[PDB]
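Working notes for the structure below.
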Amino acid sequence: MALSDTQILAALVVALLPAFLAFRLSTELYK
Amino acid sequence: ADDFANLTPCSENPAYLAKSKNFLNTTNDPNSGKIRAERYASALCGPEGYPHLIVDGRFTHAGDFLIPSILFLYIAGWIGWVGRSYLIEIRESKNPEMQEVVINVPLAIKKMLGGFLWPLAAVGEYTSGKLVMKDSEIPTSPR
Amino acid sequence: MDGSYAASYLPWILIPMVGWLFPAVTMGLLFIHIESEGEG
Amino acid sequence: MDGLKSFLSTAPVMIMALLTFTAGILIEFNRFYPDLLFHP
Amino acid sequence: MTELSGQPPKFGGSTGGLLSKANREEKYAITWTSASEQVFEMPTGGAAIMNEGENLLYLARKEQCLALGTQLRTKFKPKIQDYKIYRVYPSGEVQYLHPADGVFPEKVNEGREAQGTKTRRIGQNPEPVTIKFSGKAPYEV
Amino acid sequence: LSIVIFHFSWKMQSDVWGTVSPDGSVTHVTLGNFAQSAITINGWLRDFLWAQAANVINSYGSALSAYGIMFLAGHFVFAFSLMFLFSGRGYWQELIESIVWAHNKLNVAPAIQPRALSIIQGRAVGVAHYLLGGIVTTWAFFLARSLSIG
Amino acid sequence: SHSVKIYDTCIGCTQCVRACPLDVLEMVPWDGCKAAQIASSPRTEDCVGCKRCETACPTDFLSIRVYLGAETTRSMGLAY
Amino acid sequence: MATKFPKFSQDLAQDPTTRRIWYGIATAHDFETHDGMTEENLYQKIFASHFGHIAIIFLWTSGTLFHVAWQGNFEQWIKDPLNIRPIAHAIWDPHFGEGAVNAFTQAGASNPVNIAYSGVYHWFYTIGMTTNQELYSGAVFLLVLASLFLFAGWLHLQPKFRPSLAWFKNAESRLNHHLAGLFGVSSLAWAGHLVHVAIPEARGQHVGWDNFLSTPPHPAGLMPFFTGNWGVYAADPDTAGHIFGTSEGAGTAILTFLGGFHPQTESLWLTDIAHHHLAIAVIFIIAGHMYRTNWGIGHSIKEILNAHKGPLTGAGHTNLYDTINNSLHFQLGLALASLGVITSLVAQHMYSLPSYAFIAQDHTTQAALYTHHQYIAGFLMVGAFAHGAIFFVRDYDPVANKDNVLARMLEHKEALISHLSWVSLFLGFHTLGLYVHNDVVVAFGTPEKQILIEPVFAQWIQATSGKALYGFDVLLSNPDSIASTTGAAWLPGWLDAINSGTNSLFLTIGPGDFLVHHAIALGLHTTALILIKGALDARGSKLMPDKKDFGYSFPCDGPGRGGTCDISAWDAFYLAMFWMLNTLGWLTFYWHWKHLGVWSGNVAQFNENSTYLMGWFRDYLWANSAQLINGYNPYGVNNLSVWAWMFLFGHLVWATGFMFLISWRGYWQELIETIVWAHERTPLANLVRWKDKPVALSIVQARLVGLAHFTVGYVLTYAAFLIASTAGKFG
Ligand code: CLA
Ligand code: CLA
Ligand SMILES: CCCCCCCCCCCCCCCC(=O)OC[C@H](COP(=O)(O)OC[C@@H](O)CO)OC(=O)CCCCCCCCCCCCCCC
Ligand SMILES: CC1=C(/C=C/C(C)=C/C=C/C(C)=C\C=C/C=C(C)\C=C\C=C(C)\C=C\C2=C(C)C[C@H](O)CC2(C)C)C(C)(C)C[C@@H](O)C1
Ligand SMILES: CC1=C(/C=C/C(C)=C\C=C\C(C)=C/C=C/C=C(C)/C=C/C=C(C)/C=C/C2=C(C)C(=O)CCC2(C)C)C(C)(C)CCC1
Ligand SMILES: CC1=C(/C=C/C(C)=C/C=CC(/C)=C/C=C/C=C(C)/C=C/C=C(C)/C=C/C2=C(C)CCCC2(C)C)C(C)(C)CCC1
Ligand SMILES: CC1=C(C/C=C(\C)CCC[C@H](C)CCC[C@H](C)CCCC(C)C)C(=O)c2ccccc2C1=O
Ligand SMILES: CC1=C(C/C=C(\C)CCC[C@H](C)CCC[C@H](C)CCCC(C)C)C(=O)c2ccccc2C1=O
Ligand code: SF4
Ligand SMILES: [Ca+2]
Ligand SMILES: [Cl-]
């Protein structure tokens with residue numbers, strides 16, 4: 001069957017994690 | 001063995017035998033098209049009707065590549081050898097550059113007419129040591 | 001009909017957002033680093 | 001005089017005379033025996 | 001230095017002169033004496049008439065002043081060798097530039113320090129593998 | 602002038618030139634599409650270039666074959682100019698250094714020391730070949746196209 | 002600012018100073034050549050890097066070298 | 001005056017003009033040139049960059065999975081993979097009108113959508129992923145893996161977890177771990193996955209994370225692995241009548257070696273791929289036990305290098321360990337070279353030995369993947385050379401590598417460059433002469449005089465592997481060679497796959513292939529010549545014997561000494577980029593035209609027109625553009641309209657680069673000064689003062705921007721042609 005609607009919303013909440021960790025690594029690399 | 005099985009001689013090729021009856025005339029001779037039909041009918045052909053040449057080194061097609069290769073190399077060695085010898089001859093006359101710009105015809109012709117023995121002259125200059133130079137005596141750039 | 005996929009109210013906001021987000025911030029960042037200046 | 005014999009023997013005049021002579025050779029040879037894709 | 005005395009040259013104004021940054025940041029002035037009243041080309045454009053005697057002109061950068069100086073002594077029979085180039089600050093601070101020690105930098109002169117002088121050949125510069133990770137260049141050492 | 606001559610060549614073929622019927626009607630070559638197709642770059646790319654260039658590439662085997670030959674030849678010279686227009690002589694002199702070493706290895710170096718073209722001459726050869734290739738291409742194209750309209 | 006150096010191969014001919022258009026280069030008395038002088042670069046702050054000195058050098062390869070560096074308002078040749 | 005942009009280089013910060021911005025960006029990743037950068041902080045910043053980059057790659061793959069499982073017709077395409085066009089992603093453009101709306105509502109989707117041409121549907125259905133939920137689970141797993149690597153980088157940037165410089169400079173352990181684990185264990189685990197999921201899924205058996213612990217991939221378990229007899233896994237292989245995804249014609253074998261092509265999917269066999277990965281995993285694990293570590297037994301690379309000397313090479317490879325181990329540019333130049341060669345190899349292998357089911361039939365995906373990988377490799381090789389030039393500029397030590405094989409390359413660099421020039425002339429002259437001769441001979445109504453050279457040396461190699469269309473009777477083409485009577489299990493499949501006139505496995509070549517191959521040889525020799533003269537003469541020459549003191553990339557040296565334009569080792573890279581792009585244009589024209597001939601069954605067109613250039617200019621460029629330029633017309637708009645727009649767009653960018661490449665700076669500096677005066681005198685505008693003093697683009701930046709526009713207009717235009725002209729006659 002196709003993909004659910006709430007799982008697409010679960011995708012952004014999980015994608016919050018790589019964004020945040022990449023922000024941390026980015027600010028750590030600026031030094 | 002059956003080398004070049006996908007190639008049939010122009011004498012047997014279908015499209016070639018179809019096109020050979022309708023060959024154009026290059027020079028003023030009207031037979032030149034039929035002359036080509038009779039002349040190229042000996043080479044190997046492809047399924048399209050155009051002759052092919054095999055240069056892998058076999059003597060069956062020594063007229064395809066071997067003869068022009070040798071004839072070129074002869075004439076080209078002639079050219080380069082008379083040029084090199086005339087360039088060396090200039091290096092002892094007045095102004096080595098002016099005579100490179102203005103040609104000494106009585107000298108350039110004398111060196112051109114003595115170029116048909118350029119292999120023997122080159123081997124005699126290599127055995128004596130005139131053909132090549134020494135690395136420790138050539139201007140080089142910083143490494 | 002635009003959105004034959006699940007959660008069709010996301011692609012909308014996602015396209016405008018990237019529209020007025022990333023290059024806006026990018027062009028503003030260079031500006032801000034030009035701001036420190038130095039009157040001596 | 002030699003002033004014109006030196007001009008007729010300059011680099012461009014001679015390099016065009018040789019090219020004209022070689023053109024004549026090649027053109028006449030491919031007039032009398034044209035279409036030599038290889039050697040028979 | 002103390003005062004910049006000089007008459008402004010006869011010129012009908014041009015758009016190639018100094019600008020707002022050239023007045024607020026820094027501008028350059030050149031003072032010279034003319035033996036008579038003649039016409040000279042402007043480094044910014046056009047042809048102007050220099051006044052008889054002490055002259056004064058303000059320009060944007062230093063190269064313009066030196067380009068006018070190299071023109072003054074070469075084109076006119078009463079050659080001008082007393083042209084003095086000054087740099088002007090936004091606080092009125094004026095300092096001497098060209099000529100440096102009163103003598104043109106062309107010919108030698110006593111009382112100058114060796115600046116940028118090296119005691120080697122260019123083919124004797126050190127290898128960049130020996131100075132890497134250090135804030136120095138093969139020519140700075 | 603590249604746009605001027607194309608404006609001329611397409612407006613004439615579309616809204617002017619054309620065969621006239623014995624009744625009085627006039628049917629233009631490109632069927633009068635200039636007023637309706639020359640307004641977009643794709644119109645000039647397709648209905649002008651791609652459409653009217655067919656006479657030049659299909660000219661082999663006829664009396665107009667020389668025009669296709671010169672079309673490709675101008676396409677060649679155009680690109681040949683880019684080598685000069687995009688590079689600088691400092692690389693070519695360093696290469697001539699290696700070739701001079703090679704010539705002195707067999708002791709065949711001219712007393713006239715070879716030097717790459719000056720910067721100005723590099724630019725001059727570049728622009729000369731650019732114009733030559735472009736104008737040869739357009740000349741061949743225009744002649745092969747105009748001779749093939751009856 | 003650009004860096005200007007002068008090497009011991011200099012013959013002291015003042016040509017690089019006669020070609021300099023910004024009074025960057027001078028001449029100081031030396032003890033290496035017949036002219037007993039060597040090129041000097043005290044006012045590197047006025048050096049734009051037009052290489053007019055290096056063009057006017059006679060020795061086998063340059064005796065004066067210019068190495069471009071951190072460009073400033075004066076080195077960029079800004080007149081506006 | 002200095003401000004704060006950038007914070008890693010004071011020289012670029014002190015610039016009071018607009019250049020301060022530009023060089024602040026183009027020196028972002030040049031860590032070696034930062035202020036006070038030490039050798040350890042360098043490697044550590046680079047390590048964290050590696051972590052972040054692995055995370056970026058995994059995030060891109062996660063998005064690729066997400067859009068397929070979300071907006072793609074994966075399940076439908078599984079039903080009819082030879083007639084249903086795959087779906088890449090859905091369109092959300094508020095600018096469409098009516099033609100594009102009616103057109104892009106395609107591929108079974110009820111909305112304007114974009115067809116997929118990256119060939120990922122075939123990969124996913126060949127793996128065993130048959131439902132969108134498996135793709136979604138994989139996407140979530142990759143979204144977690146990327147965060148894993150991001151946190152790994154962030155944590156290793158901490159001083160307690162900061163790896164030591166001696167840890168980074170460890171070569172005898174990094175190799176033993178990358179081969180036995182990153183290459184061996186990875187290949188072994190992938191083979192296990194192929195056996196446990198792919199093979200059962202090919203037989204209708206669903207094996208997921210909910211039953212793989214109990215369902216064996218073979219009727220006989222792990223005990224027959226321990227049995228010295230292994231023929232039981234050859235078992236009954238999948239018959240020639242096997243059908244993918246069903247248990248019809250399926251056997252019980254998992255590790256075979258019968259070779260050939262699957263007659264239905266026209267691809268490789270799954271058991272063969274798993275067996276291959278198992279064998280090479282054993283090989284790589286064995287390789288991972290060569291260099292010594294903390295247990296004495298093992299090799300030392302520094303000894304092996306310094307021990308291979310030579311009577312004609314002097315010092316051989318001495319001190320090369322301490323040389324390469326300390327030069328990051330050396331390592332990067334070797335890595336880029338090897339990776340580019342294997343990328344070109346991947347390209348040159350996937351088009352004739354496809355491993356994914358029903359991927360050979362889709363012509364647009366297969367035409368796109370090959371060209372994609374070839375352009376990738378064409379950038380990788382230029383990088384390998386550009387970094388070798390930087391090794392010579394920054395890391396070459398003439399006392400450490402004294403008299404070794406590396407210094408002798410510099411000692412005879414004139415001869416190397418000279419012979420490269422000779423062979424490039426010897427190629428170019430005759431290849432161009434033969435092409436022009438064929439054109440002149442065909443234009444005169446005499447097609448019976450074309451110099452058509454038969455590629456004997458390559459057709460004979462084809463015969464050495466089983467190609468009988470030429471009939472050389474050599475090695476595998478001869479039934480009596482001892483190479484055929486070896487009882488090899490793969491021979492019957494290989495011999496059937498090679499000679500069937502339906503596949504791309506060793507295509508029949510002729511004189512056109514010969515001439516285009518010699519044009520390709522010219523494109524390789526000349527590009528390598530440029531990239532090698534740029535690297536050798538990167539430390540000095542006779543025009544600039546002190547080039548080493550000026551670094552790698554610098555504008556020039558001045559108009560003196562005759563002229564010094566484009567004299568740095570960076571300018572040689574800038575020049576060789578054009579040659580790489582030209583070679584990759586020639587190669588792609590060759591591939592696309594011959595594959596059009598093979599796909600339409602009209603190999604005669606290519607074999608009979610590729611000998612003269614007009615055939616390319618007409619029967620390929622002009623002929624295959626008809627649909628391309630007809631994407632949007634005054635009569636309608638079809639699905640090719642976006643490609644018809646991108647074609648002209650690429651032309652525009654490519655022509656824009658010509659401005660930066662032909663006109664140079666000073667003109668633009670004067671034209672900018674005029675505008676500065678214009679603004680500082682305009683009322684209601686001089687009160688709008690600028691902090692950044694506007695300046696014209698530098699010469700280096702000029703060449704860089706021009707080359708970038710050229711490359712964009714070179715890639716995008718040819719891609720809009722290659723995809724549009726392919727998705728019409730066959731898509
Ligand atoms: C006496 C003339 C002469 C001789 C003996 C040579 C010999 C050689 N050249 Mg050379 N060359 C010449 C003139 C000559 N050149 C001229 C005039 C040019 C400027 C166009 C060049 C430019 C050139 C390049 C760029 C290169 C060579 C190279 C080479 C070497 C390899 C051969 C080759 O590349 O194939 C053939 C050579 C060419 C196609 C170059 C053109 C040859 C000219 C047109 C022939 C000269 C004829 C001369 C006027 C005869 C004078 C007769 C006298 C009685 C008046 C070789 C030893 C290559 C090298 O470096 O070595 C590996 C190489 O890269 N040459
Ligand atoms: C169609 C455009 C074009 C052409 C024809 C060439 C041709 C060439 N390039 Mg080149 N290049 C180009 C574009 C082009 N480039 C561009 C855009 C760039 C980026 C700026 C480069 C950058 C580049 C670099 C960096 C290098 C080259 C080199 C070369 C030479 C390699 C030698 C060879 O190929 O053998 C044979 C030569 C040819 C096939 C061309 C000669 C064709 C003529 C017609 C032959 C006959 C002579 C003719 C009759 C003369 C009489 C004229 C008369 C009518 C007045 C060659 C002459 C390399 C080099 O110098 O070689 C050592 C080199 O390093 N190129
Ligand atoms: C390129 C496409 C096909 C074109 C024709 C091939 C020629 C290519 C041009 C190269 C010219 C070689 C000039 C030699 C220059 C030369 O004479 O050097 C001299 C050298 C003598 O070395 P020594 O005996 O001192 O060796 C001691 C070593 O320890 C080195 O320190 O002889 C050779 O190296 C012979 C092998 C050539 C090695 C160079 C190329 C090798 C080709 C690739 C080999 C692959 C083998 C398998 C690897 C996986
Ligand atoms: C077997 C043969 C071919 C195969 C050919 C083989 C593979 C080619 C081998 C080439 C070898 C590697 C090179 C040969 C010689 C290399 C030496 C260094 C030649 C040096 C020539 C120089 C010294 C000559 C100099 C001066 C000579 C003497 C005369 C000139 O005027 C002027 C000038 C150039 C100054 C193939 C391609 C397979 C086709 C087949 O049908 C026939
Ligand atoms: C305790 C243990 C045992 C039992 C182990 C059991 C019971 C399970 C073991 C599983 C193991 C050990 C490894 C499993 C690894 C699975 C991996 C590594 C999957 C990696 C996926 C990657 C990397 C990315 C895949 C991708 C995705 C997500 C996509 O969707 C697109 C394609 C691609 C990008 C490839 C035994 C006794 C047996 C041996 C001793 C140790
Ligand atoms: C600049 C520089 C550099 C360089 C780099 C490079 C350039 C690399 C590369 C490379 C490459 C690019 C290579 C290639 C190659 C080739 C090869 C390696 C080959 C081969 C062969 C073989 C071995 C084969 C065999 C066989 C056959 C014949 C077929 C069948 C199979 C068999 C196997 C049998 C460096 C950084 C180092 C340093 C600095 C300087
Ligand atoms: C190739 C190249 C060179 C080298 C160019 C050279 C050496 C010119 C070669 C001329 C040869 C020697 C003569 C051949 C051309 C003749 C003018 C044609 C006359 C033919 C008649 C005799 C029939 C530069 O000097 C240069 C300078 C600045 C930017 C780019 C470049 C550049 O790209
Ligand atoms: C036009 C031109 C200029 C002038 C160019 C200028 C002043 C640049 C103006 C471009 C502005 C900044 C807009 C560019 C828009 C870009 C697409 C933005 C990209 C920047 C990224 C951060 C996104 C040169 O300075 C020059 C120098 C040397 C050779 C040729 C030329 C040349 O052709
Ligand atoms: S580089 Fe130019 S401006 Fe600088 S000192 Fe030399 S000549 Fe004068
Ligand atoms: Ca499954
Ligand atoms: Cl249109």
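Residue numbers (PDB author numbering), protein chains in the order written: chain M, 1 to 31; chain F, 1 to 143; chain I, 1 to 40; chain J, 1 to 40; chain D, 1 to 141; chain A, 602 to 751; chain C, 2 to 81; chain B, 1 to 731. Note that CB positions come from ideal geometry on N, CA and C, so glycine has one too.
Using a beta-carbon distance below 8 Å, is M:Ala19 in contact with chain I? no
Contact between the stretch 695–714 of chain B and the stretch 567–586 of chain B is defined here as three or more beta-carbon pairs at a separation below 8 Å; is this criterion met? yes
Please state whether the Cβ-Cβ distance between C:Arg53 and C:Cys21 is less than 8 Å. yes
Closer than 7 Å between the C-beta and any heavy atom of ligand 3: which residues qualify, listed along the chain? B:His308, B:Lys309, B:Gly310, B:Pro311, B:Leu312, B:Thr313, B:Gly316, B:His317, B:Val405
B:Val456 touches chain F at which residues, Cβ-Cβ below 9 Å? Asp3, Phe4, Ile54, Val55, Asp56, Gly57, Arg58
Name, please, each residue of chain C whose Cβ falls closer than 7 Å to the Cβ of B:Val695. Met77
Below 5 Å from a heavy atom of ligand 11 - residues by beta-carbon: A:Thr641, A:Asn643, A:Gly644
Decide if D:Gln81 is buried, meaning its Cβ has at least 16 other Cβ atoms within 10 Å, or exposed. exposed
In the DSSP assignment, find the unbroken beta strand (DSSP E) run with D:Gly53 in it and report its ends. 53–59
Compare the C-beta of B:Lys449 with all C-beta atoms of chain J and state if any pair is closer than 8 Å. yes
Quick one: Cα of B:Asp236 to Cα of I:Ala7, how far? 48 Å
Neighbouring residues, chain M, relative to B:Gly138 (Cβ below 9 Å): Simply none; closest approach about 13 Å.
N- and C-terminal bounds of the beta strand (DSSP E) containing C:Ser4: 4–7
Thinking A:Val627 and A:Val621 are a contact (beta carbons under 8 Å), I'd like their distance in whole angstroms, please. 5 Å
Who does C:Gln38 pair with in a DSSP beta bridge? C:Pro30
Quick one, which residues of the stretch 24–37 of chain J are near chain B if we go by CB-CB under 7 Å, in chain order? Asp35, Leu37
Any heavy atom of ligand 10 closer than 7 Å to the Cβ of I:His33? no
Which residue's Cα is closest to the Cα of B:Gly728: B:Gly551, B:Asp362, B:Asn41? B:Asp362
Compare the beta carbon distance of A:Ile670 and B:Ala279 with 8 Å and say whether it is the shorter of the two. no
Quick check: the Cα distance between C:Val67 and B:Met544, rounded to an integer number of angstroms? 13 Å
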